[PDB]
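Working notes for the structure below.
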Number of protein chains: 2
Amino acid sequence: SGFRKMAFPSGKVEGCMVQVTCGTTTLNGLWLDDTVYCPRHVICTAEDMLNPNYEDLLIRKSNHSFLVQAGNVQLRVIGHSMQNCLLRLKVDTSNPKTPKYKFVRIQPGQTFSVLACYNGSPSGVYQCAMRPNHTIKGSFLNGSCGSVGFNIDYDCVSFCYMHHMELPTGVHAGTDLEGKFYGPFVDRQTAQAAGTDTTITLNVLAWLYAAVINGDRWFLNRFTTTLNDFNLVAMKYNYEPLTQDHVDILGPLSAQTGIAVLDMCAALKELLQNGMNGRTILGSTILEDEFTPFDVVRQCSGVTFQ
Amino acid sequence: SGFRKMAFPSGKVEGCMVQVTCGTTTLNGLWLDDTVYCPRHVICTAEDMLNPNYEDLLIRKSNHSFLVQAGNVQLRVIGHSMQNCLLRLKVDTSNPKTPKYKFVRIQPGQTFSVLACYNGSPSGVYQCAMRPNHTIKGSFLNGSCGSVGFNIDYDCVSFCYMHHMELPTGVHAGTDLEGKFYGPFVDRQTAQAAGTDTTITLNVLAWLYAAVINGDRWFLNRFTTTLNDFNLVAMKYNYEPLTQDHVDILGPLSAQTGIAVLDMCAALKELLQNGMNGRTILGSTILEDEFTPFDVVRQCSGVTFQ
Ligand SMILES: *[C@@H](C(=O)N(CCC(N)=O)NC(=O)[C@H](Cc1ccccc1)NC(=O)[C@H](CC(C)C)NC(=O)OCc1ccccc1)[C@H](O)C(=O)OCC
Ligand SMILES: *[C@@H](C(=O)N(CCC(N)=O)NC(=O)[C@H](Cc1ccccc1)NC(=O)[C@H](CC(C)C)NC(=O)OCc1ccccc1)[C@H](O)C(=O)OCC
């Protein structure tokens with residue numbers, strides 16, 4: 001019993017973290033096989049963070065311009081290239097600790113674990129969701145660029161995020177492991193802002209199923225709704241529209257709890273309209289939107305507490 | 001910027017997790033040097049979970065009654081003993097991956113990371129606090145007994161919890177790594193209940209400092225309070241009393257933000273008395289009590305966003 005945001009155990013990714021230094025800049029990198037990946041802004045200098053031209057900043061770099069440090073050991077750089085907003089440095093050595101891994105591009109509303117690192121040294125791990133506005137609400141201080149986000153299935157690490165920037169509202173922006181940003185952001189210190197965000201409807205509904213699977217039914221009601229009517233109320237509250245795909249995704253949870261998805265929507269549409277005020281759901285006031293239906297299945301019992 | 005519950009990276013503890021089987025029971029253990037530690041209830045049988053006599057259940061066990069499995073490898077058991085509510089099994093082998101470690105007995109209000117494991121296989125990590133009523137609000141399903149809680153400073157793992165039981169309210173109970181329970185609980189399936197819990201005042205105040213360090217001042221006020229007057233209001237709301245020790249602990253945060261602790265108490269005493277209703281603090285409605293002043297210092301910037 002219990003329901004907690006939880007991260008994947010971080011050990012397979014700790015054995016991949018290194019420190020990359022170019023000049024007086026040090027930031028984190030990710031060593032997998034014989035390659036180190038890191039934000040290309042490692043090559044910026046203090047005086048040009050506004051409009052760096054990376055292609056031009058890089059052609060002035062050689063292999064011995066980069067030092068890669070793994071533990072107390074120095075990795076020799078034997079080639080480099082840029083890929084989108086990342087650099088790929090070839091090192092002497094293949095990392096004995098490389099796990100099975102994939103690189104994947106996570107989709108808004110999905111969740112992943114962040115391993116926050118400074119100077120190549122892991123300091124903490126936490127779960128977060130890719131927001132609909134393509135930023136994440138992370139927790140990162142100076143030196144965290146290069147920290148990665150990932151998910152793990154069986155023995156395989158699916159890397160999905162490398163950290164790059166913080167935006168004025170204190171939320172965070174970064175790229176996939178091919179160096180393509182999430183969202184419209186760019187790796188320069190020019191004014192950028194997160195676009196308005198929206199609540200992730202699919203996740204809020206999932207988390208209502210988890211509350212029920214765990215034993216709470218208080219927020220239910222005897223009413224049903226049309227997808228279309230629900231979506232009218234969602235607009236008003238700044239929720240993403242619910243699509244039939246989202247409804248189908250929620251099938252297994254609906255089946256385990258015996259509550260039809262559109263009955264759960266009417267319950268949400270009543271929480272939205274009438275408030276919670278006085279009562280929590282799984283320890284929370286505020287409808288929580290950072291758990292996927294997959295995260296609820298992974299973590300809850302397969303047997304409903306009826 | 002940002003503020004997130006975060007766990008310590010879990011890799012050093014993943015390399016310590018094994019599976020211990022006695023009969024048809026399998027649960028997790030913790031291998032450190034040449035010893036495996038696990039809940040003694042691994043020796044219970046289906047028909048006596050109410051009143052097992054462990055001393056008598058154990059004298060009927062030999063070394064070859066236990067199988068210890070590390071990865072695909074079998075560890076031979078070469079001696080065993082009981083210690084309080086744990087067994088210590090000596091294995092053939094010293095674990096090559098033992099980190100520097102200590103065993104410590106965490107104190108109520110402190111926080112630690114739990115690595116949830118099933119069958120010796122880590123599945124997730126999350127942060128939780130030792131509640132004043134000596135249970136933790138964890139998230140654990142059948143097979144999680146033996147999962148551990150820990151903190152890490154530098155290279156050293158301080159183990160503080162091994163999981164044993166779930167109580168009817170869905171909260172959790174367990175022991176230190178010397179096998180002494182936290183709280184008045186016992187390792188048998190006889191009726192037990194968590195005592196009434198209380199909110200952890202020191203942590204709520206810490207988290208008000210973190211909100212300020214991050215840049216929010218909304219809940220402040222022009223008023224001050226007496227420790228004693230604050231405590232009157234704390235009783236009414238079911239908060240632990242605030243002691244001068246707690247006040248001294250909060251000094252560094254007070255100094256970084258320039259808000260006197262007793263001014264922060266008056267602000268809390270006004271949140272308590274007037275509600276939050278409409279506004280959040282670091283993303284939360286509900287005053288959060290699962291971050292220590294040490295966890296806020298570890299995670300926030302050292303420079304206040306004034
Ligand atoms: C890199 C690092 O630690 N971080 C993470 C910061 C954090 N708290 O998450 N990354 C950076 O600091 C960015 C460095 C940079 C990136 C591209 C090009 C040049 C430099 N910069 C920022 O994240 C910056 C804010 C910092 C807190 C100052 N963000 C923006 O400028 O966003 C755009 C913007 C919006 C509004 C007004 C102005 C700008 C680590 O710092 C490092 O090694 O840096 C080397 C460059
Ligand atoms: C051990 C295991 O996975 N867990 C963790 C359970 C969880 N979800 O956290 N531990 C147990 O299940 C306990 C097993 C046990 C302990 C001592 C002696 C004999 C057996 N039992 C419980 O935790 C049990 C509840 C279970 C969900 C059934 N708790 C209590 O009975 O609490 C006291 C009580 C209160 C009110 C009424 C009755 C009892 C894993 O299950 C294993 O290997 O078990 C081997 C014994």
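The way I read the labels, and the way they are meant: chains A, B, ... in the order of the structure tokens, residue 1 as the first residue of every chain, and ligand 1 as the first ligand shown, with later ones counted on from there.
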Only residues of chain B matter here; which ones have an atom within 8 Å of chain A, counting only C-alpha atoms? Give them as a VMD selection string. chain B and resid 1 to 12 14 115 122 to 126 137 to 141 166 170 to 171 285 to 286 300 to 301
Check every protein, DNA and RNA residue against ligand 2, keep those with an atom at most 7 Å away (counting only C-alpha atoms and all ligand atoms), and present them as an MDAnalysis selection string. (chainID A and resid 1) or (chainID B and resid 25:27 41:42 44:45 49:50 140:145 163:168 172 187:193)
What's around residue 264 of chain A at 8 Å? Count only C-alpha atoms, leave out sequence neighbours fewer than 3 positions away in its own chain, and write the answer as number ranges by chain. A: 205, 208, 220, 224, 259-261, 267-268
Pull C-alpha atoms from the residues just selected and write them as a PDB file, in the first residue's frame.
```pdb
ATOM      1  CA  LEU A 205      -7.273  10.367 -14.218  1.00  0.00           C
ATOM      2  CA  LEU A 208      -7.622   8.738  -9.459  1.00  0.00           C
ATOM      3  CA  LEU A 220     -16.728   9.043  -7.097  1.00  0.00           C
ATOM      4  CA  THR A 224     -21.435   9.747 -16.371  1.00  0.00           C
ATOM      5  CA  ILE A 259     -15.146   2.250 -12.926  1.00  0.00           C
ATOM      6  CA  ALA A 260     -15.724   3.354 -16.547  1.00  0.00           C
ATOM      7  CA  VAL A 261     -13.330   5.964 -17.790  1.00  0.00           C
ATOM      8  CA  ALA A 267     -15.875  12.497 -11.080  1.00  0.00           C
ATOM      9  CA  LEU A 268     -12.923  14.689 -12.225  1.00  0.00           C
TER      10      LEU A 268
END
```
Would you mind telling me which residue in A:213, A:162, A:46, A:250 lies nearest to ligand 1 when using only C-alpha atoms and all ligand atoms? A:46
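Using only C-alpha atoms and all ligand atoms, the shortest contact distance between ligand 1 and any of A:148, A:206, A:173, A:91 is found at A:173.
Using only C-alpha atoms, the contacts of residue 80 of chain A at a cut-off of 6 Å, with sequence neighbours closer than 6 positions omitted, comprise residues 88, 89 and 90 of chain A.
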Export, as a PDB file, in the first residue's frame, the selected residues with N, CA and C atoms.
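Final output, part31.pdb:
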```pdb
ATOM      1  N   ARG A  88      29.769  14.783 -29.222  1.00  0.00           N
ATOM      2  CA  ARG A  88      30.153  13.377 -29.088  1.00  0.00           C
ATOM      3  C   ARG A  88      31.704  13.301 -29.128  1.00  0.00           C
ATOM      4  N   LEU A  89      32.320  12.932 -28.003  1.00  0.00           N
ATOM      5  CA  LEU A  89      33.757  12.887 -27.937  1.00  0.00           C
ATOM      6  C   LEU A  89      34.123  11.394 -27.974  1.00  0.00           C
ATOM      7  N   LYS A  90      35.028  10.962 -28.829  1.00  0.00           N
ATOM      8  CA  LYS A  90      35.451   9.591 -28.759  1.00  0.00           C
ATOM      9  C   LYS A  90      36.595   9.542 -27.758  1.00  0.00           C
TER      10      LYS A  90
END
```
Report the residues of segment 35-264 of chain A whose backbone DSSP state falls under alpha helix (DSSP H), written as a PyMOL selection string. chain A and resi 54-59+201-213+227-237+244-249+251-257+261-264
Only N, CA and C atoms, please: the residues just picked out, written as a short mmCIF file (atom, residue, chain, number, x, y, z; two decimals), in the first residue's frame.
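Below is the file part.cif, written as the result:
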```cif
data_model
loop_
_atom_site.label_atom_id
_atom_site.label_comp_id
_atom_site.auth_asym_id
_atom_site.auth_seq_id
_atom_site.Cartn_x
_atom_site.Cartn_y
_atom_site.Cartn_z
N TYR A 54 28.43 27.88 -32.81
CA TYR A 54 29.10 26.68 -32.35
C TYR A 54 29.96 26.04 -33.40
N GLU A 55 29.50 26.10 -34.64
CA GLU A 55 30.23 25.51 -35.74
C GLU A 55 31.56 26.19 -35.84
N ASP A 56 31.57 27.51 -35.62
CA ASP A 56 32.79 28.32 -35.62
C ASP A 56 33.57 28.24 -34.32
N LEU A 57 32.88 28.04 -33.21
CA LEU A 57 33.59 27.85 -31.93
C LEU A 57 34.30 26.51 -31.90
N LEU A 58 33.72 25.51 -32.61
CA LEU A 58 34.22 24.12 -32.61
C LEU A 58 35.40 23.90 -33.52
N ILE A 59 35.36 24.47 -34.74
CA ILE A 59 36.49 24.33 -35.68
C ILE A 59 37.82 24.83 -35.08
N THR A 201 -4.29 15.93 -18.18
CA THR A 201 -5.53 15.18 -17.95
C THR A 201 -5.33 13.63 -17.80
N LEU A 202 -4.55 13.01 -18.68
CA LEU A 202 -4.46 11.55 -18.68
C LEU A 202 -3.92 11.17 -17.30
N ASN A 203 -2.89 11.86 -16.83
CA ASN A 203 -2.26 11.56 -15.55
C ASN A 203 -3.14 11.85 -14.36
N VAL A 204 -3.85 12.95 -14.40
CA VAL A 204 -4.71 13.14 -13.28
C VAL A 204 -5.71 11.90 -13.16
N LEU A 205 -6.38 11.52 -14.24
CA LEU A 205 -7.27 10.37 -14.22
C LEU A 205 -6.54 9.11 -13.74
N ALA A 206 -5.29 8.90 -14.12
CA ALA A 206 -4.57 7.68 -13.72
C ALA A 206 -4.44 7.67 -12.24
N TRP A 207 -4.13 8.84 -11.70
CA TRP A 207 -3.85 8.94 -10.30
C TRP A 207 -5.12 8.78 -9.47
N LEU A 208 -6.28 8.95 -10.10
CA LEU A 208 -7.62 8.74 -9.46
C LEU A 208 -7.88 7.25 -9.47
N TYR A 209 -7.47 6.59 -10.53
CA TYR A 209 -7.51 5.14 -10.45
C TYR A 209 -6.59 4.56 -9.37
N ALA A 210 -5.35 5.04 -9.26
CA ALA A 210 -4.45 4.55 -8.22
C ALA A 210 -5.04 4.79 -6.82
N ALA A 211 -5.70 5.92 -6.64
CA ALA A 211 -6.27 6.19 -5.32
C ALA A 211 -7.37 5.11 -5.01
N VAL A 212 -8.17 4.80 -6.01
CA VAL A 212 -9.21 3.78 -5.87
C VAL A 212 -8.57 2.37 -5.66
N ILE A 213 -7.47 2.06 -6.38
CA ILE A 213 -6.90 0.71 -6.32
C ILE A 213 -6.37 0.49 -4.91
N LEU A 227 -17.36 12.44 -23.70
CA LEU A 227 -16.03 12.92 -23.90
C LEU A 227 -16.14 14.41 -24.20
N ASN A 228 -17.02 14.73 -25.11
CA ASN A 228 -17.11 16.10 -25.58
C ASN A 228 -17.51 17.11 -24.51
N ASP A 229 -18.41 16.71 -23.61
CA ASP A 229 -18.82 17.58 -22.53
C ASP A 229 -17.69 17.72 -21.54
N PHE A 230 -16.94 16.64 -21.36
CA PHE A 230 -15.85 16.71 -20.42
C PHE A 230 -14.82 17.72 -20.91
N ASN A 231 -14.55 17.66 -22.19
CA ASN A 231 -13.55 18.53 -22.78
C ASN A 231 -13.94 20.00 -22.70
N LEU A 232 -15.23 20.30 -22.75
CA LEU A 232 -15.65 21.68 -22.57
C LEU A 232 -15.17 22.16 -21.20
N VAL A 233 -15.44 21.39 -20.15
CA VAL A 233 -15.02 21.74 -18.79
C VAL A 233 -13.50 21.72 -18.67
N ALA A 234 -12.84 20.88 -19.43
CA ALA A 234 -11.36 20.85 -19.34
C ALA A 234 -10.74 22.16 -19.80
N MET A 235 -11.18 22.68 -20.95
CA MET A 235 -10.77 23.97 -21.48
C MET A 235 -10.86 25.02 -20.36
N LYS A 236 -12.04 25.17 -19.78
CA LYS A 236 -12.23 26.14 -18.73
C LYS A 236 -11.21 26.06 -17.58
N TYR A 237 -10.67 24.87 -17.32
CA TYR A 237 -9.76 24.69 -16.20
C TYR A 237 -8.35 24.54 -16.62
N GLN A 244 -9.87 9.78 -27.32
CA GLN A 244 -10.18 8.37 -27.23
C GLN A 244 -8.94 7.52 -27.01
N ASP A 245 -7.80 7.95 -27.52
CA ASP A 245 -6.57 7.24 -27.22
C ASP A 245 -6.32 7.23 -25.70
N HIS A 246 -6.29 8.42 -25.11
CA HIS A 246 -6.17 8.52 -23.66
C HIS A 246 -7.17 7.61 -22.93
N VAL A 247 -8.41 7.58 -23.36
CA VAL A 247 -9.43 6.72 -22.78
C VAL A 247 -9.05 5.22 -22.89
N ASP A 248 -8.49 4.82 -24.03
CA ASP A 248 -8.11 3.42 -24.29
C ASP A 248 -6.90 3.07 -23.43
N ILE A 249 -5.99 4.00 -23.29
CA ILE A 249 -4.82 3.80 -22.45
C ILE A 249 -5.24 3.44 -21.02
N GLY A 251 -7.77 1.78 -20.04
CA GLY A 251 -8.62 0.58 -19.98
C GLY A 251 -8.31 -0.38 -18.85
N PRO A 252 -7.05 -0.86 -18.78
CA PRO A 252 -6.58 -1.78 -17.74
C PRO A 252 -6.92 -1.30 -16.34
N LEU A 253 -6.63 -0.05 -16.03
CA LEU A 253 -7.00 0.53 -14.72
C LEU A 253 -8.49 0.52 -14.54
N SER A 254 -9.23 0.92 -15.58
CA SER A 254 -10.70 0.89 -15.48
C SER A 254 -11.19 -0.54 -15.18
N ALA A 255 -10.50 -1.52 -15.73
CA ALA A 255 -10.96 -2.91 -15.65
C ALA A 255 -10.67 -3.44 -14.27
N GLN A 256 -9.47 -3.16 -13.78
CA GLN A 256 -9.07 -3.54 -12.42
C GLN A 256 -9.98 -2.92 -11.37
N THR A 257 -10.50 -1.71 -11.61
CA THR A 257 -11.31 -1.04 -10.58
C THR A 257 -12.79 -1.08 -10.89
N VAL A 261 -14.14 4.79 -17.66
CA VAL A 261 -13.33 5.96 -17.79
C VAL A 261 -14.16 7.25 -17.78
N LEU A 262 -15.29 7.24 -18.47
CA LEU A 262 -16.15 8.42 -18.60
C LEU A 262 -16.91 8.71 -17.29
N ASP A 263 -17.02 7.69 -16.45
CA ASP A 263 -17.50 7.89 -15.07
C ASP A 263 -16.36 8.50 -14.28
N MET A 264 -15.14 8.03 -14.45
CA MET A 264 -14.05 8.75 -13.76
C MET A 264 -13.94 10.23 -14.20
#
```
DSSP on the backbone: which residues in segment 70-297 of chain A end up as strand (DSSP E or B)? Give the answer as a VMD selection string. chain A and resid 70 73 to 75 77 to 83 86 to 91 100 to 103 111 to 118 121 to 129 136 148 to 153 156 to 166 172 to 175 181 199 239 281 284
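Proximity to ligand 1 was assessed for A:225, A:304, A:74, A:53 counting only C-alpha atoms and all ligand atoms; the smallest distance is recorded for A:53.
Across the model, the gap from atom CA of residue 16 of chain B to atom CA of residue 97 of chain B is 7.0 Å.
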Could you name the residues that touch residue 156 of chain B at 10 Å or less, counting only C-alpha atoms, but leaving out those on the same chain fewer than 6 positions away, as a PyMOL selection string? chain B and resi 12+99-102
Keeping only N, CA and C atoms, take the residues you just selected and write them out as a PDB file, in the first residue's frame.
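Output below, filename part-v4.pdb:
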```
ATOM      1  N   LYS B  12      25.177   2.580  -4.946  1.00  0.00           N
ATOM      2  CA  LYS B  12      26.087   1.914  -4.006  1.00  0.00           C
ATOM      3  C   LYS B  12      25.251   0.844  -3.264  1.00  0.00           C
ATOM      4  N   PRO B  99      30.238  -0.812  -0.280  1.00  0.00           N
ATOM      5  CA  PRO B  99      30.813   0.538  -0.189  1.00  0.00           C
ATOM      6  C   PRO B  99      31.353   0.831   1.217  1.00  0.00           C
ATOM      7  N   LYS B 100      31.887   2.039   1.473  1.00  0.00           N
ATOM      8  CA  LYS B 100      32.112   2.407   2.881  1.00  0.00           C
ATOM      9  C   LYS B 100      30.707   2.511   3.376  1.00  0.00           C
ATOM     10  N   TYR B 101      30.435   2.043   4.596  1.00  0.00           N
ATOM     11  CA  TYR B 101      29.085   2.112   5.146  1.00  0.00           C
ATOM     12  C   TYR B 101      29.044   2.266   6.663  1.00  0.00           C
ATOM     13  N   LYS B 102      27.921   2.673   7.221  1.00  0.00           N
ATOM     14  CA  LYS B 102      27.882   2.654   8.665  1.00  0.00           C
ATOM     15  C   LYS B 102      26.480   2.141   8.887  1.00  0.00           C
TER      16      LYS B 102
END
```
Env of residue 70 of chain B: 8 Å cut, atoms = only C-alpha atoms, seq-sep filter 2 positions within chain, self excluded. Answer as number ranges by chain. B: 17-19, 68, 72-75, 120
Residues just named, written with N, CA, C and O atoms as a PDB file, in the first residue's frame:
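Printed below is result.pdb as written:
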```pdb
ATOM      1  N   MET B  17      22.310  -5.698  -2.866  1.00  0.00           N
ATOM      2  CA  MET B  17      21.028  -6.343  -2.658  1.00  0.00           C
ATOM      3  C   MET B  17      21.075  -7.753  -3.171  1.00  0.00           C
ATOM      4  O   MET B  17      21.333  -7.953  -4.341  1.00  0.00           O
ATOM      5  N   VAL B  18      20.599  -8.664  -2.336  1.00  0.00           N
ATOM      6  CA  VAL B  18      20.434 -10.025  -2.659  1.00  0.00           C
ATOM      7  C   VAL B  18      19.074 -10.572  -2.233  1.00  0.00           C
ATOM      8  O   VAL B  18      18.281  -9.902  -1.605  1.00  0.00           O
ATOM      9  N   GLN B  19      18.849 -11.837  -2.589  1.00  0.00           N
ATOM     10  CA  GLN B  19      17.646 -12.549  -2.324  1.00  0.00           C
ATOM     11  C   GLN B  19      18.077 -13.696  -1.341  1.00  0.00           C
ATOM     12  O   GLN B  19      19.144 -14.310  -1.484  1.00  0.00           O
ATOM     13  N   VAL B  68      21.258 -17.978  -0.581  1.00  0.00           N
ATOM     14  CA  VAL B  68      21.467 -16.552  -0.803  1.00  0.00           C
ATOM     15  C   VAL B  68      21.834 -16.395  -2.255  1.00  0.00           C
ATOM     16  O   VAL B  68      22.758 -17.026  -2.712  1.00  0.00           O
ATOM     17  N   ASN B  72      23.015 -13.996 -10.739  1.00  0.00           N
ATOM     18  CA  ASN B  72      22.768 -15.371 -11.092  1.00  0.00           C
ATOM     19  C   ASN B  72      23.605 -16.296 -10.199  1.00  0.00           C
ATOM     20  O   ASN B  72      23.552 -17.493 -10.353  1.00  0.00           O
ATOM     21  N   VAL B  73      24.402 -15.717  -9.299  1.00  0.00           N
ATOM     22  CA  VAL B  73      25.282 -16.488  -8.446  1.00  0.00           C
ATOM     23  C   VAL B  73      24.718 -16.869  -7.096  1.00  0.00           C
ATOM     24  O   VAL B  73      23.966 -16.129  -6.484  1.00  0.00           O
ATOM     25  N   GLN B  74      25.065 -18.046  -6.642  1.00  0.00           N
ATOM     26  CA  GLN B  74      24.643 -18.565  -5.348  1.00  0.00           C
ATOM     27  C   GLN B  74      25.778 -18.372  -4.374  1.00  0.00           C
ATOM     28  O   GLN B  74      26.882 -18.936  -4.580  1.00  0.00           O
ATOM     29  N   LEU B  75      25.444 -17.792  -3.238  1.00  0.00           N
ATOM     30  CA  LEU B  75      26.416 -17.576  -2.174  1.00  0.00           C
ATOM     31  C   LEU B  75      26.290 -18.726  -1.130  1.00  0.00           C
ATOM     32  O   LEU B  75      25.190 -19.024  -0.611  1.00  0.00           O
ATOM     33  N   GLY B 120      15.160  -9.491  -4.261  1.00  0.00           N
ATOM     34  CA  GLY B 120      16.562  -9.097  -4.407  1.00  0.00           C
ATOM     35  C   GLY B 120      16.835  -8.116  -5.552  1.00  0.00           C
ATOM     36  O   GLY B 120      18.011  -7.830  -5.870  1.00  0.00           O
TER      37      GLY B 120
END
```
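Around residue 149 of chain B, within 6 Å and counting only C-alpha atoms, the residues found are residues 112, 113, 114, 160 and 161 of chain B, once anything fewer than 4 positions away on its own chain is removed.
If you measure from each of A:157, A:177, A:43, A:194 to residue 132 of chain A using only C-alpha atoms, the closest one turns out to be A:194.
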